[PDB]
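Values quoted throughout were computed directly from the atomic coordinates according to the rules given, and no laboratory measurement underlies them. Cβ coordinates were reconstructed from backbone atoms using ideal geometry, including for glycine residues, and neighbour counts include every protein chain displayed.
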Protein chains: 2
Amino acid sequence: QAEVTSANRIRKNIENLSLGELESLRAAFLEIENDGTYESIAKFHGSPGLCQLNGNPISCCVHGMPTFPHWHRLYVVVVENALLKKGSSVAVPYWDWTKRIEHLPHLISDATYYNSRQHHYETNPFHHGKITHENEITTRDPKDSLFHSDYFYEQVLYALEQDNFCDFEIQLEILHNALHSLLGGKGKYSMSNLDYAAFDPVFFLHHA
Amino acid sequence: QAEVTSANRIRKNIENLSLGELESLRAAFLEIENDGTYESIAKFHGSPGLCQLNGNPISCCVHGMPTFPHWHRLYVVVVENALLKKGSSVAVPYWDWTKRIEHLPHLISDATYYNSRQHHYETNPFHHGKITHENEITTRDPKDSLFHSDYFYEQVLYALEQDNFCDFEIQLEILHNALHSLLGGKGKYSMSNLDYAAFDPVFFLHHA
Ligand code: CUO
Ligand code: CUO
């Protein structure tokens, strides 16, 4: 089905990104962080709960629902579009979690980006973000740096096996959560939390 | 010569430190950072130049002089004493650079310390410090994470060979500088700089 392939933008694995590609990304995200969209965009996922603008709030993301992949799919494009506005040359990269990784990706990991072209020292926007409403810094605590296994693959693979979409989604969603808990770990403000997770930039890569 | 061994405090390799020992250290440093001593103590090494309180300033540390090991030796105890005031149970640990290290020490490396006993999320004071006078954050850029070699050993070993103290010092000082450049790298505010280096907490461990 032709519908899956895109003409316009390409999303590549994070490792694949060239220095130039990454450089656009570093900048775009930093600018997005500066711009209004980044904080507000984060809100969509969870806190602050936007779903009911007025009245009791609820987290917006559909989870535990078959709608779930669609929602997140839309979410990623939202950020992607923001990045493009930012001037990102390429689509949000995806961190292939299934593939066993010797180490965490350099792009996310780097605390600071030298960006030699313009002498400047700045934190890597990819590395983290802050949570404006709840004044804090997002944190990550991979308890298990250990992940090197078929386990991700088995879970995903099993999901792949199902013909039924709904059967597929339930399995698919579960594997999806593994990255969140694994990266976030204990940290209250992290990937591990429903509300907080949107803040971390890894979120975008993982969802991609 | 009995003069070398101490009765009172013990300095151990960083790896050796027990979780309890490290915990005291994490706290003590954090408190020292909070206290007045930490920033001021840093000043002794370099900027701001304290040597001439009034008049043209010069960096205080003796370098390129035979006095050099003595000066730094005094410097470490100064911080150590501060730590004890802080309530540190043990002396400043030493990061045996000569030994080839698979990875950088966990104590220094950790960005944040969970410190489960008291639920709190804080940066690791060991990880870094800020430079108050020149508003900035210290940075580290090990260009070469590569260091796994006899090279450190050869240099130090050669130094060991000399009977003459002065002959010894020149060789000794040079090997000493390797850690500074290697950790600091390109970063303007880092171990690599004479003025800035004091700020990084690694400085203490290395000098130890
Ligand atoms: O699910 Cu809402 O975050 Cu991956
Ligand atoms: O020398 Cu003054 O710093 Cu190691």
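Key figures for this structure:
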quantity	calculated
Rg over Rh, two decimals, region A:3-118 (C-alpha only, Kirkwood Rh)	1.00
Where rotation carries A onto B, the chain A residue whose Cβ is nearest that axis, in whole Å	A:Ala111, 4
Across the identical copies, how the A:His119 labels are spaced - nm, sorted shortest first, 7 Å along Cα→Cβ	4.7
Charge dipole magnitude, Cβ of K and R +1, D and E -1 - region A:4-85, Cα centre, debye nearest 20	300
Per-pair calculated FRET efficiency, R0 = 56 Å: A:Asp150 and B:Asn54 via Cβ, rounded to 0.05	0.20
Proximal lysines relative to B:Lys12, as straight alpha-carbon distance under 22 Å, when same-chain residues fewer than 8 apart are discounted	B:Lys85, B:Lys86, B:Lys99
Gap separating the Cα centres of region A:24-57 and region B:25-51, nearest whole Å	39
Distances in nm from B:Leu74 to the matching label points in the other copies, shortest first (labels 7 Å along Cα to Cβ)	7.0
Within region A:101-208: Cβ-based charge dipole about Cα centre, in debye rounded to nearest 20 (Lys, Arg +1; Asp, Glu -1)	620
Chain B, dipole about Cα centre (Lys/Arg Cβ +1, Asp/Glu Cβ -1), debye to the nearest 20	440
Global form of chain A, assessed from the alpha-carbon gyration tensor, a/c cut-off 1.5	rounded
Computed helical MRE - 222 nm, chain B, DSSP H runs ≥ 4 contributing -39500 (n - 2.57), nearest 500	-13000 deg cm²/dmol
Distance between modelled label sites at A:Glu122 and B:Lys85, nm, 7 Å Cα→Cβ extension	4.0
Those residues of region B:182-208 whose amide nitrogen sits under 12 Å from the label point placed on B:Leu160, 7 Å along Cα→Cβ	none
Rough spin-label spacing in nm, given labels placed 7 Å along Cα→Cβ, for B:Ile137 and B:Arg11	3.0
Per-residue Cβ neighbour rank within 10 angstrom, fewest leading, B:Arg73, A:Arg9	B:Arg73, A:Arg9
Which of B:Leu172, A:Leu53 has the fewest Cβ neighbours within 10 Å, and the rest in rising order	A:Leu53, B:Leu172
Cβ-vector label at 7 Å, B:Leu157, separations to other copies in nm	4.9
